[PDB]
file data_3.txt (compact mmCIF, C-alpha atoms and all ligand atoms)
# COMPACT_ATOMS: atom_id res chain seq x y z
CA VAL A 1 38.91 257.58 181.07
CA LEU A 2 37.99 261.13 182.03
CA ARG A 3 35.80 260.11 184.99
CA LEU A 4 38.67 258.32 186.72
CA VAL A 5 40.74 261.47 186.29
CA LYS A 6 38.05 263.60 187.94
CA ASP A 7 37.59 261.42 191.04
CA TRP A 8 41.39 261.22 191.34
CA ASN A 9 41.87 265.00 191.20
CA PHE A 10 38.94 265.84 193.50
CA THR A 11 40.21 263.62 196.32
CA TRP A 12 43.78 264.92 196.00
CA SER A 13 42.53 268.51 195.87
CA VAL A 14 40.92 267.97 199.28
CA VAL A 15 44.15 266.46 200.66
CA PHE A 16 46.44 269.19 199.32
CA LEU A 17 44.25 271.93 200.80
CA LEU A 18 44.19 270.04 204.11
CA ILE A 19 48.00 269.91 204.07
CA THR A 20 48.08 273.65 203.33
CA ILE A 21 45.77 274.36 206.28
CA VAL A 22 47.73 272.27 208.79
CA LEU A 23 50.99 273.70 207.43
CA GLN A 24 49.74 277.29 207.91
CA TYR A 25 47.60 277.08 211.07
CA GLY A 26 48.66 273.75 212.59
CA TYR A 27 50.40 275.11 215.70
CA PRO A 28 49.30 274.97 219.36
CA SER A 29 50.05 278.71 219.58
CA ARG A 30 47.48 279.38 216.82
CA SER A 31 44.64 276.83 216.98
CA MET A 32 44.59 273.71 219.14
CA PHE A 33 41.94 272.24 216.84
CA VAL A 34 44.01 272.63 213.67
CA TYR A 35 47.03 271.28 215.55
CA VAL A 36 45.27 267.97 216.21
CA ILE A 37 44.35 267.76 212.51
CA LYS A 38 48.04 268.20 211.65
CA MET A 39 48.95 265.45 214.11
CA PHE A 40 46.43 263.07 212.55
CA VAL A 41 47.79 263.99 209.11
CA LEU A 42 51.36 263.37 210.29
CA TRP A 43 50.41 260.04 211.90
CA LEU A 44 48.91 258.95 208.57
CA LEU A 45 51.78 260.52 206.61
CA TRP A 46 54.49 258.24 208.05
CA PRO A 47 53.06 254.90 206.79
CA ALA A 48 51.70 256.45 203.58
CA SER A 49 55.13 257.85 202.72
CA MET A 50 56.69 254.50 203.65
CA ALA A 51 54.13 252.44 201.73
CA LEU A 52 54.46 254.75 198.72
CA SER A 53 58.22 254.12 198.70
CA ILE A 54 57.61 250.37 199.03
CA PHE A 55 55.52 250.59 195.86
CA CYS A 56 58.19 252.50 193.93
CA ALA A 57 60.70 249.83 195.03
CA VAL A 58 58.58 246.89 193.87
CA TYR A 59 57.69 248.68 190.60
CA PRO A 60 60.73 250.90 189.96
CA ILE A 61 61.82 252.85 186.91
CA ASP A 62 65.37 251.46 187.07
CA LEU A 63 67.81 249.94 189.55
CA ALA A 64 68.86 253.31 190.98
CA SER A 65 65.20 254.26 191.47
CA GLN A 66 64.67 250.96 193.30
CA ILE A 67 67.55 251.70 195.69
CA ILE A 68 66.47 255.30 196.30
CA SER A 69 62.92 254.13 197.02
CA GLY A 70 64.25 251.72 199.65
CA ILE A 71 66.33 254.49 201.21
CA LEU A 72 63.27 256.75 201.40
CA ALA A 73 61.23 253.85 202.80
CA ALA A 74 63.66 253.38 205.67
CA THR A 75 63.75 257.17 206.05
CA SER A 76 60.00 257.31 206.66
CA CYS A 77 60.41 254.42 209.11
CA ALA A 78 63.41 255.93 210.91
CA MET A 79 61.65 259.27 211.41
CA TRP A 80 58.62 257.57 212.96
CA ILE A 81 60.80 255.49 215.29
CA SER A 82 62.73 258.62 216.23
CA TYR A 83 59.53 260.55 216.94
CA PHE A 84 58.06 257.70 218.99
CA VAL A 85 61.24 257.30 221.05
CA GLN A 86 61.43 260.99 221.98
CA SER A 87 57.70 261.37 222.62
CA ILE A 88 57.57 258.22 224.76
CA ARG A 89 60.67 259.08 226.79
CA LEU A 90 59.29 262.58 227.31
CA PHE A 91 55.86 261.23 228.24
CA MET A 92 57.41 258.92 230.84
CA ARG A 93 59.31 261.83 232.40
CA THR A 94 56.37 264.27 232.20
CA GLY A 95 53.09 262.44 231.63
CA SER A 96 51.94 265.42 229.54
CA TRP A 97 50.58 265.26 226.01
CA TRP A 98 52.91 268.05 224.86
CA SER A 99 55.54 265.29 224.72
CA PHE A 100 53.96 264.12 221.46
CA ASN A 101 54.29 267.61 219.95
CA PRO A 102 57.29 267.45 217.57
CA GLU A 103 57.56 271.25 217.64
CA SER A 104 58.73 271.19 221.29
CA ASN A 105 61.07 268.80 223.07
CA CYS A 106 61.82 270.95 226.15
CA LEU A 107 59.11 270.81 228.81
CA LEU A 108 58.84 272.83 232.03
CA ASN A 109 57.26 270.98 234.96
CA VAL A 110 56.02 273.17 237.82
CA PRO A 111 54.07 271.68 240.78
CA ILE A 112 51.10 273.90 241.61
CA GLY A 113 49.57 272.51 244.80
CA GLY A 114 48.09 269.09 244.14
CA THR A 115 49.11 268.38 240.56
CA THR A 116 51.94 269.45 238.25
CA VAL A 117 51.41 271.69 235.21
CA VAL A 118 53.67 271.05 232.20
CA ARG A 119 54.28 273.60 229.44
CA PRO A 120 56.65 273.48 226.45
CA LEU A 121 59.89 275.45 226.75
CA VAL A 122 61.06 277.17 223.57
CA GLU A 123 64.65 277.94 224.63
CA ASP A 124 66.48 275.45 226.83
CA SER A 125 68.28 277.66 229.36
CA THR A 126 70.28 276.93 232.48
CA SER A 127 67.97 279.37 234.31
CA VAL A 128 64.21 279.91 234.50
CA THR A 129 62.55 283.05 235.89
CA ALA A 130 59.38 282.90 238.00
CA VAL A 131 57.17 286.00 238.22
CA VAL A 132 54.06 286.06 240.43
CA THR A 133 51.87 289.07 239.57
CA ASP A 134 49.26 289.58 242.32
CA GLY A 135 48.98 285.80 242.70
CA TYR A 136 49.29 284.69 239.06
CA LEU A 137 52.38 282.75 238.01
CA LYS A 138 54.42 283.27 234.84
CA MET A 139 57.35 280.91 234.21
CA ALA A 140 59.81 281.70 231.40
CA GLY A 141 57.44 284.03 229.56
CA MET A 142 54.33 281.82 229.66
CA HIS A 143 51.57 281.88 232.27
CA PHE A 144 51.02 278.96 234.64
CA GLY A 145 47.84 280.09 236.41
CA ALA A 146 47.08 281.18 239.94
CA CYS A 147 49.62 280.51 242.69
CA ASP A 148 50.74 282.13 245.92
CA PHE A 149 54.25 283.58 245.94
CA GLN A 150 54.97 281.98 249.31
CA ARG A 151 53.84 278.61 247.91
CA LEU A 152 56.34 278.78 245.07
CA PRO A 153 58.05 275.44 244.35
CA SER A 154 61.61 275.22 245.61
CA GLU A 155 62.43 272.91 242.68
CA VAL A 156 61.23 272.85 239.07
CA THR A 157 61.78 270.04 236.57
CA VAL A 158 62.82 270.49 232.93
CA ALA A 159 62.43 267.36 230.79
CA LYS A 160 64.33 266.80 227.55
CA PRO A 161 63.84 263.52 225.64
CA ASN A 162 67.21 262.23 226.92
CA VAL A 163 67.63 263.75 230.41
CA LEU A 164 65.55 265.14 233.28
CA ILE A 165 67.03 268.27 234.89
CA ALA A 166 66.18 269.81 238.27
CA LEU A 167 66.31 273.55 239.01
CA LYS A 168 66.82 274.78 242.57
CA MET A 169 65.58 278.23 243.62
CA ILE A 170 68.67 280.44 244.00
CA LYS A 171 67.15 283.90 244.47
CA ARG A 172 63.78 285.00 245.83
CA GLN A 173 62.38 288.54 245.95
CA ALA A 174 58.93 289.78 246.98
CA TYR A 175 57.55 292.85 245.21
CA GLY A 176 54.32 292.97 247.22
CA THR A 177 52.17 290.93 249.59
CA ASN A 178 51.54 288.29 246.91
CA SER A 179 53.69 289.71 244.09
CA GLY A 180 57.28 288.54 243.78
CA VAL A 181 60.04 287.12 241.61
CA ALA A 182 62.32 284.09 241.82
CA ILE A 183 64.99 282.32 239.78
CA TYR A 184 65.91 278.66 239.28
CA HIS A 185 69.25 277.15 238.25
CA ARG A 186 70.23 273.62 237.24
CA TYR A 187 72.76 271.23 238.78
CA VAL B 1 50.83 252.10 180.67
CA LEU B 2 52.94 250.81 183.55
CA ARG B 3 55.86 253.18 182.88
CA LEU B 4 53.67 256.26 183.29
CA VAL B 5 52.54 254.84 186.64
CA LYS B 6 56.14 254.39 187.78
CA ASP B 7 57.36 257.91 186.97
CA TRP B 8 54.16 259.37 188.45
CA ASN B 9 54.47 257.44 191.72
CA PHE B 10 58.22 258.06 192.12
CA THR B 11 57.77 261.84 191.96
CA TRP B 12 54.90 261.80 194.46
CA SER B 13 56.86 259.56 196.84
CA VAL B 14 59.56 262.24 197.02
CA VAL B 15 56.91 264.92 197.59
CA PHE B 16 55.06 263.06 200.34
CA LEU B 17 58.30 262.31 202.18
CA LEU B 18 59.27 265.97 201.90
CA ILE B 19 55.91 266.97 203.37
CA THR B 20 56.46 264.49 206.20
CA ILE B 21 59.91 265.97 206.91
CA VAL B 22 58.74 269.59 206.94
CA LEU B 23 55.68 268.56 208.99
CA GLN B 24 57.87 266.81 211.60
CA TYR B 25 61.03 268.95 211.73
CA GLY B 26 59.97 272.18 209.99
CA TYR B 27 60.10 274.44 213.04
CA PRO B 28 62.57 277.22 213.92
CA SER B 29 62.95 275.61 217.36
CA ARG B 30 64.18 272.37 215.73
CA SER B 31 66.06 273.09 212.48
CA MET B 32 66.27 276.46 210.72
CA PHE B 33 67.19 274.64 207.50
CA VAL B 34 64.12 272.39 207.54
CA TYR B 35 62.02 275.43 208.44
CA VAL B 36 62.99 277.20 205.20
CA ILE B 37 62.14 274.05 203.24
CA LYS B 38 58.69 274.06 204.85
CA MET B 39 58.23 277.71 203.88
CA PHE B 40 59.19 277.00 200.27
CA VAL B 41 56.75 274.07 200.38
CA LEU B 42 53.98 276.26 201.81
CA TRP B 43 54.62 279.06 199.31
CA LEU B 44 54.28 276.50 196.51
CA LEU B 45 51.33 274.81 198.23
CA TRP B 46 49.04 277.86 198.04
CA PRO B 47 48.89 278.17 194.22
CA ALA B 48 49.04 274.40 193.71
CA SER B 49 46.07 273.90 196.03
CA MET B 50 44.27 276.74 194.26
CA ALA B 51 45.21 275.55 190.76
CA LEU B 52 44.19 271.98 191.63
CA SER B 53 40.78 273.25 192.72
CA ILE B 54 40.50 275.31 189.53
CA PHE B 55 40.98 272.06 187.60
CA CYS B 56 38.30 270.20 189.58
CA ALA B 57 35.97 273.15 188.88
CA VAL B 58 36.57 273.10 185.12
CA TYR B 59 36.40 269.28 185.03
CA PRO B 60 34.09 268.39 187.94
CA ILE B 61 32.33 265.16 188.83
CA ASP B 62 28.97 266.89 189.23
CA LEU B 63 27.50 270.32 189.96
CA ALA B 64 28.06 270.00 193.71
CA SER B 65 31.68 269.02 193.11
CA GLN B 66 32.07 272.07 190.86
CA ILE B 67 30.77 274.36 193.62
CA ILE B 68 32.88 272.74 196.34
CA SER B 69 36.00 273.06 194.17
CA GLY B 70 35.35 276.78 193.71
CA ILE B 71 34.90 277.21 197.46
CA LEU B 72 38.21 275.46 198.11
CA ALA B 73 39.85 277.56 195.39
CA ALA B 74 38.83 280.79 197.12
CA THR B 75 39.83 279.21 200.44
CA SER B 76 43.38 278.62 199.20
CA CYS B 77 43.39 282.20 197.89
CA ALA B 78 41.95 283.71 201.07
CA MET B 79 44.50 281.95 203.29
CA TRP B 80 47.39 283.26 201.18
CA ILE B 81 46.01 286.81 201.28
CA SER B 82 45.51 286.48 205.04
CA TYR B 83 49.08 285.25 205.53
CA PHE B 84 50.49 288.01 203.33
CA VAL B 85 48.50 290.74 205.11
CA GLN B 86 49.63 289.67 208.59
CA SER B 87 53.24 289.04 207.57
CA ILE B 88 53.53 292.36 205.73
CA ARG B 89 51.90 294.39 208.51
CA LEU B 90 54.20 292.65 210.99
CA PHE B 91 57.24 293.23 208.77
CA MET B 92 56.44 296.95 208.54
CA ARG B 93 56.19 297.25 212.33
CA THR B 94 59.26 295.09 213.03
CA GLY B 95 61.43 294.73 209.95
CA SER B 96 62.24 291.18 211.08
CA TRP B 97 61.88 288.03 208.99
CA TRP B 98 60.06 286.25 211.83
CA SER B 99 57.02 288.23 210.62
CA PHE B 100 56.70 285.71 207.76
CA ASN B 101 56.63 282.78 210.20
CA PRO B 102 52.97 281.68 210.44
CA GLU B 103 53.72 279.85 213.70
CA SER B 104 54.26 283.17 215.54
CA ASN B 105 52.37 286.45 215.21
CA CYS B 106 53.56 288.12 218.45
CA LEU B 107 57.04 289.66 218.21
CA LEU B 108 59.20 291.15 220.97
CA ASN B 109 61.39 294.09 219.92
CA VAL B 110 64.26 294.98 222.27
CA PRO B 111 66.82 297.66 221.28
CA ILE B 112 70.32 296.44 222.16
CA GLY B 113 72.65 299.37 221.60
CA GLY B 114 72.77 300.27 217.92
CA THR B 115 70.13 297.99 216.39
CA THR B 116 67.00 296.23 217.64
CA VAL B 117 66.76 292.45 218.00
CA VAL B 118 63.34 290.85 217.42
CA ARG B 119 62.28 287.42 218.68
CA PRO B 120 58.89 285.68 218.49
CA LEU B 121 56.70 285.76 221.60
CA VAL B 122 54.78 282.57 222.36
CA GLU B 123 52.30 283.98 224.91
CA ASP B 124 50.99 287.52 224.47
CA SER B 125 51.10 288.94 228.00
CA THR B 126 50.51 292.39 229.44
CA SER B 127 53.91 292.05 231.16
CA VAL B 128 57.39 290.96 230.07
CA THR B 129 60.22 290.03 232.44
CA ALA B 130 63.82 291.09 231.83
CA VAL B 131 66.63 289.08 233.44
CA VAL B 132 70.29 290.04 232.99
CA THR B 133 72.57 287.24 234.21
CA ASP B 134 76.14 288.55 234.55
CA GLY B 135 75.67 290.63 231.40
CA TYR B 136 73.45 288.32 229.31
CA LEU B 137 69.85 289.34 228.65
CA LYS B 138 66.84 287.01 228.80
CA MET B 139 63.41 288.46 227.96
CA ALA B 140 60.30 286.33 228.55
CA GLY B 141 62.20 283.04 228.68
CA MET B 142 64.33 283.51 225.54
CA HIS B 143 67.84 284.93 225.30
CA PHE B 144 68.67 288.17 223.48
CA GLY B 145 72.47 288.04 223.63
CA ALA B 146 75.02 290.13 225.45
CA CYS B 147 73.89 293.38 227.05
CA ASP B 148 74.83 295.43 230.10
CA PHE B 149 72.19 295.70 232.82
CA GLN B 150 72.88 299.44 233.03
CA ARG B 151 72.20 299.65 229.27
CA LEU B 152 68.68 298.17 229.50
CA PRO B 153 65.99 299.81 227.33
CA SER B 154 63.39 301.77 229.27
CA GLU B 155 60.78 300.78 226.66
CA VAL B 156 60.19 297.56 224.71
CA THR B 157 57.89 297.12 221.71
CA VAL B 158 55.51 294.20 221.14
CA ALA B 159 54.13 293.95 217.59
CA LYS B 160 50.97 292.04 216.71
CA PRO B 161 49.73 292.00 213.09
CA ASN B 162 47.06 294.60 213.95
CA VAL B 163 48.60 296.79 216.68
CA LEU B 164 52.00 297.89 218.02
CA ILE B 165 52.21 297.95 221.82
CA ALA B 166 54.77 299.72 224.00
CA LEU B 167 55.93 298.45 227.40
CA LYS B 168 57.31 300.87 229.99
CA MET B 169 59.70 299.65 232.69
CA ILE B 170 57.73 299.62 235.95
CA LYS B 171 60.12 297.82 238.32
CA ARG B 172 63.91 297.53 238.28
CA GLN B 173 66.09 295.46 240.62
CA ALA B 174 69.84 294.78 240.58
CA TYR B 175 71.03 291.41 241.86
CA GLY B 176 74.72 292.14 241.34
CA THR B 177 77.08 294.58 239.64
CA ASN B 178 75.83 293.55 236.19
CA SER B 179 73.10 291.07 237.21
CA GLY B 180 69.56 292.33 237.65
CA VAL B 181 65.88 291.99 236.85
CA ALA B 182 63.24 294.31 235.41
CA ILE B 183 59.59 294.24 234.34
CA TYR B 184 57.66 295.97 231.56
CA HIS B 185 53.93 296.74 231.36
CA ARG B 186 51.76 297.98 228.51
CA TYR B 187 49.62 301.10 228.19
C1 LIG C 1 38.44 289.92 209.51
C2 LIG C 1 37.38 289.68 208.43
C3 LIG C 1 37.96 290.02 207.06
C4 LIG C 1 36.92 289.74 205.97
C5 LIG C 1 36.52 288.26 206.00
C6 LIG C 1 36.11 287.82 204.60
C7 LIG C 1 35.49 286.43 204.64
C8 LIG C 1 35.89 285.66 203.39
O1 LIG C 1 35.06 286.03 202.33
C9 LIG C 1 35.06 285.13 201.26
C10 LIG C 1 33.80 285.33 200.43
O2 LIG C 1 34.14 285.57 199.09
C11 LIG C 1 33.41 284.78 198.18
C12 LIG C 1 34.36 284.15 197.17
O3 LIG C 1 33.63 283.65 196.08
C13 LIG C 1 33.81 282.28 195.86
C14 LIG C 1 33.91 282.00 194.36
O4 LIG C 1 33.21 280.83 194.06
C15 LIG C 1 33.01 280.62 192.69
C16 LIG C 1 31.84 279.66 192.49
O5 LIG C 1 32.13 278.75 191.46
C17 LIG C 1 31.11 277.83 191.19
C18 LIG C 1 30.82 277.80 189.69
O6 LIG C 1 29.70 276.99 189.44
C1 LIG C 2 41.50 287.84 204.37
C2 LIG C 2 40.27 287.64 203.49
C3 LIG C 2 40.61 288.00 202.04
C4 LIG C 2 39.49 287.53 201.13
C5 LIG C 2 39.98 287.41 199.69
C6 LIG C 2 39.28 286.23 199.02
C7 LIG C 2 39.66 286.13 197.55
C8 LIG C 2 39.01 284.88 196.96
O1 LIG C 2 39.04 284.91 195.56
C9 LIG C 2 37.97 284.24 194.96
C10 LIG C 2 38.34 283.81 193.53
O2 LIG C 2 38.42 282.42 193.46
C11 LIG C 2 37.43 281.84 192.66
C12 LIG C 2 38.04 280.70 191.84
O3 LIG C 2 37.09 280.23 190.92
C13 LIG C 2 37.56 280.17 189.60
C14 LIG C 2 37.19 278.82 188.99
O4 LIG C 2 36.81 279.01 187.65
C15 LIG C 2 35.81 278.13 187.21
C16 LIG C 2 35.34 278.56 185.82
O5 LIG C 2 34.94 277.44 185.09
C17 LIG C 2 35.02 277.61 183.70
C18 LIG C 2 34.21 276.52 183.00
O6 LIG C 2 34.76 276.27 181.74

call {"tool": "encode", "arguments": {"input": "data_3.txt", "output": "structure tokens", "more": "lines below"}}
Ligand SMILES: CCCCCCCCOCCOCCOCCOCCOCCO
Ligand SMILES: CCCCCCCCOCCOCCOCCOCCOCCO
result
Amino acid sequence: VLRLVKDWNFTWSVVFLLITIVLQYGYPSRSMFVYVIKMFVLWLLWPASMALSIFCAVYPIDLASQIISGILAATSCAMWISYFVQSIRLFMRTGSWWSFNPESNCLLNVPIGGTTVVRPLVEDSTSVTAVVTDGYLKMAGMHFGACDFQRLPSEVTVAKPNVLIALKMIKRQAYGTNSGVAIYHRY
Amino acid sequence: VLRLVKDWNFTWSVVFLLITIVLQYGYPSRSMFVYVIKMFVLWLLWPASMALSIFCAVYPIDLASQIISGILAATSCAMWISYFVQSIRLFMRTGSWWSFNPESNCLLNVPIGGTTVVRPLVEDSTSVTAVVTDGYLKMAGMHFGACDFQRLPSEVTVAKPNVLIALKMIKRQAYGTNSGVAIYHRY
């Protein structure tokens, strides 16, 4: 009687605190470790929410509760399909693991020498500003590592889950020997 | 017997789906509406997680479970105090409501004419790039609305929850009559 209550509450207390943690610190801009915990919680949350609605539809309070449970069941299923479609289509255009981050669907692809570095774009703009400070690149407010201003890519790819856009370098200014600025516009 | 199970499960099914929604779409870069739902969920999650641990400490499985519950109770309380301290200190330096967003603790303050517009900074850098395109301002990859390039602030404030930084305009270039670029560095 009381023992079953205690095991029930203890397990749920752990889960609710875990949801609070991933809801407060589960962001790649805060802690990459907590972000992966949130993603594992969200991956488990889709079928659990669906399966919980399947239960409330098999054992409902009334007919309206049975229908609502089925609507919520499809809702959990539709959100997972939607997430998988966007993340897959983004991953095929980028190959980066930021494609699976629901928080960001705009990705900036910049080729630095051999490989291409992908970073999430917060604001989808028609223009992106490149700033090389003494040999260190900063694209659209976020750093991209070391790169020579002369070896700046003439084209930069932005990847949304439904379209891949290319940005050609319109303007190019050099502040120093390796310091400079450049702009990119779509077409 | 079975009826209590049905009402209990139906309520939790709604809650778990709501957590899934706010965990998947609760971001200001996706939907401002879903973001506020997440914040209401998180504000309710702190005392609920604490109160649930208080229960498992009053009615524990064993002595170790009683101690763990008390540790989680203080953990839920410490995270809320931490969030409130950062958000308040940020709100006093900025006055913006983005200070209460746990996802962002770096805020960019740019004075556009009469008032000052604040936007969250993803990457805390020592430099911030200003780009005015035909009379539209873009600071660090995100737009700030209409502004004249001539009317660009000589100083821009960055506000972290523990320090307020000022950025003086080092370089200034004009691409056109109202189009131009500028950079800001801290001190
Ligand atoms: C930037 C650093 C700021 C300070 C960091 C503080 C670190 C957090 O401190 C928390 C320690 O406080 C102890 C809280 O006490 C826990 C209460 O537990 C009750 C035990 O119940 C068991 C009963 O059998
Ligand atoms: C930024 C760091 C700020 C640190 C602040 C930490 C504050 C933590 O508060 C600790 C208080 O929480 C302890 C909760 O324990 C109470 C449980 O009560 C159990 C009593 O059992 C009665 C038995 O009948």

call {"tool": "atom_distance", "arguments": {"input": "data_3.txt", "atom1": "atom CA of residue 55 of chain A", "atom2": "atom CA of residue 9 of chain B"}}
result
8.1 Å

call {"tool": "closest_residue", "arguments": {"input": "data_3.txt", "among": "A:122, A:117, A:137, A:169", "to": "chain B", "atoms": "only C-alpha atoms"}}
result
A:122

call {"tool": "residues_near_ligand", "arguments": {"input": "data_3.txt", "ligand": "ligand LIG 2 (chain C)", "cutoff": "6 Å", "atoms": "only C-alpha atoms and all ligand atoms", "output": "PyMOL selection string"}}
result
chain B and resi 54+57-58+70+73-74+77-78+81-82

call {"tool": "atom_distance", "arguments": {"input": "data_3.txt", "atom1": "atom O4 of ligand LIG 1 (chain C)", "atom2": "atom CA of residue 71 of chain B"}}
result
5.2 Å

call {"tool": "closest_residue", "arguments": {"input": "data_3.txt", "among": "B:56, B:107, B:170, B:183", "to": "ligand LIG 1 (chain C)", "atoms": "all atoms listed in the file"}}
result
B:56

call {"tool": "atom_distance", "arguments": {"input": "data_3.txt", "atom1": "atom CA of residue 83 of chain A", "atom2": "atom CA of residue 35 of chain A"}}
result
16.5 Å

call {"tool": "residues_around", "arguments": {"input": "data_3.txt", "residues": "residue 41 of chain A", "least_positions_apart": "4", "cutoff": "8 Å", "atoms": "all atoms listed in the file", "output": "list in words"}}
result
residues 19, 37 and 45 of chain A

call {"tool": "closest_residue", "arguments": {"input": "data_3.txt", "among": "B:47, B:28, B:60, B:153", "to": "ligand LIG 1 (chain C)", "atoms": "all atoms listed in the file"}}
result
B:60

call {"tool": "axis_aligned_box", "arguments": {"input": "data_3.txt", "around": "ligand LIG 1 (chain C)", "padding_each_side": "3 Å", "output": "JSON"}}
result
{"center_x": 34.1, "center_y": 283.5, "center_z": 199.5, "size_x": 14.7, "size_y": 19.0, "size_z": 26.1}

call {"tool": "residues_around", "arguments": {"input": "data_3.txt", "residues": "residue 48 of chain B", "least_positions_apart": "2", "cutoff": "10 Å", "atoms": "all atoms listed in the file", "output": "MDAnalysis selection string"}}
result
(chainID A and resid 13 16:17 20) or (chainID B and resid 42:46 50:54 73 76)

call {"tool": "closest_residue", "arguments": {"input": "data_3.txt", "among": "B:21, B:64, B:166, B:1", "to": "ligand LIG 1 (chain C)", "atoms": "only C-alpha atoms and all ligand atoms"}}
result
B:64

call {"tool": "closest_residue", "arguments": {"input": "data_3.txt", "among": "B:111, B:27, B:11, B:72", "to": "ligand LIG 1 (chain C)", "atoms": "all atoms listed in the file"}}
result
B:72

call {"tool": "residues_around", "arguments": {"input": "data_3.txt", "residues": "segment 90-95 of chain A", "least_positions_apart": "5", "cutoff": "10 Å", "atoms": "only C-alpha atoms", "output": "PyMOL selection string"}}
result
chain A and resi 84-85+100+105-109+116-119+157-164

call {"tool": "closest_residue", "arguments": {"input": "data_3.txt", "among": "A:86, A:179, A:96, A:127", "to": "residue 165 of chain A", "atoms": "all atoms listed in the file"}}
result
A:127

call {"tool": "decode", "arguments": {"input": "data_3.txt", "residues": "segment 55-67 of chain B", "atoms": "N, CA, C and O atoms", "output": "JSON list (two decimals), in the first residue's frame"}}
result
[["chain", "number", "residue", "atom", "x", "y", "z"],
["B", 55, "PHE", "N", 8.33, 15.31, -0.31],
["B", 55, "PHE", "CA", 7.48, 14.16, -0.01],
["B", 55, "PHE", "C", 8.31, 12.89, 0.16],
["B", 55, "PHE", "O", 8.14, 12.16, 1.14],
["B", 56, "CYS", "N", 9.20, 12.62, -0.80],
["B", 56, "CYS", "CA", 10.04, 11.43, -0.72],
["B", 56, "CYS", "C", 11.04, 11.49, 0.43],
["B", 56, "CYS", "O", 11.67, 10.47, 0.73],
["B", 57, "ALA", "N", 11.21, 12.65, 1.06],
["B", 57, "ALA", "CA", 12.02, 12.74, 2.27],
["B", 57, "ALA", "C", 11.20, 12.51, 3.53],
["B", 57, "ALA", "O", 11.73, 11.96, 4.51],
["B", 58, "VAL", "N", 9.93, 12.90, 3.52],
["B", 58, "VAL", "CA", 9.06, 12.62, 4.66],
["B", 58, "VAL", "C", 8.61, 11.16, 4.63],
["B", 58, "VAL", "O", 8.51, 10.51, 5.68],
["B", 59, "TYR", "N", 8.33, 10.62, 3.44],
["B", 59, "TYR", "CA", 7.94, 9.23, 3.26],
["B", 59, "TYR", "C", 8.97, 8.55, 2.36],
["B", 59, "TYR", "O", 8.71, 8.32, 1.17],
["B", 60, "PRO", "N", 10.14, 8.21, 2.89],
["B", 60, "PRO", "CA", 11.19, 7.61, 2.07],
["B", 60, "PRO", "C", 11.15, 6.08, 2.09],
["B", 60, "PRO", "O", 10.52, 5.46, 2.95],
["B", 61, "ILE", "N", 11.84, 5.50, 1.12],
["B", 61, "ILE", "CA", 11.98, 4.04, 1.08],
["B", 61, "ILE", "C", 12.91, 3.57, 2.18],
["B", 61, "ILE", "O", 12.60, 2.62, 2.92],
["B", 62, "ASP", "N", 14.06, 4.22, 2.32],
["B", 62, "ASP", "CA", 15.02, 3.90, 3.36],
["B", 62, "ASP", "C", 15.78, 5.17, 3.72],
["B", 62, "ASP", "O", 15.45, 6.27, 3.24],
["B", 63, "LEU", "N", 16.80, 5.03, 4.56],
["B", 63, "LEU", "CA", 17.54, 6.20, 5.03],
["B", 63, "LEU", "C", 18.32, 6.84, 3.89],
["B", 63, "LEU", "O", 18.41, 8.07, 3.81],
["B", 64, "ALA", "N", 18.91, 6.03, 3.00],
["B", 64, "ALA", "CA", 19.63, 6.58, 1.86],
["B", 64, "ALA", "C", 18.68, 7.32, 0.92],
["B", 64, "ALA", "O", 19.04, 8.37, 0.37],
["B", 65, "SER", "N", 17.48, 6.78, 0.72],
["B", 65, "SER", "CA", 16.49, 7.48, -0.10],
["B", 65, "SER", "C", 16.05, 8.79, 0.54],
["B", 65, "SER", "O", 15.76, 9.76, -0.17],
["B", 66, "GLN", "N", 15.98, 8.83, 1.87],
["B", 66, "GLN", "CA", 15.64, 10.07, 2.55],
["B", 66, "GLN", "C", 16.72, 11.13, 2.34],
["B", 66, "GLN", "O", 16.41, 12.31, 2.13],
["B", 67, "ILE", "N", 17.99, 10.73, 2.39],
["B", 67, "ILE", "CA", 19.08, 11.67, 2.20],
["B", 67, "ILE", "C", 19.13, 12.16, 0.76],
["B", 67, "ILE", "O", 19.29, 13.35, 0.50]]
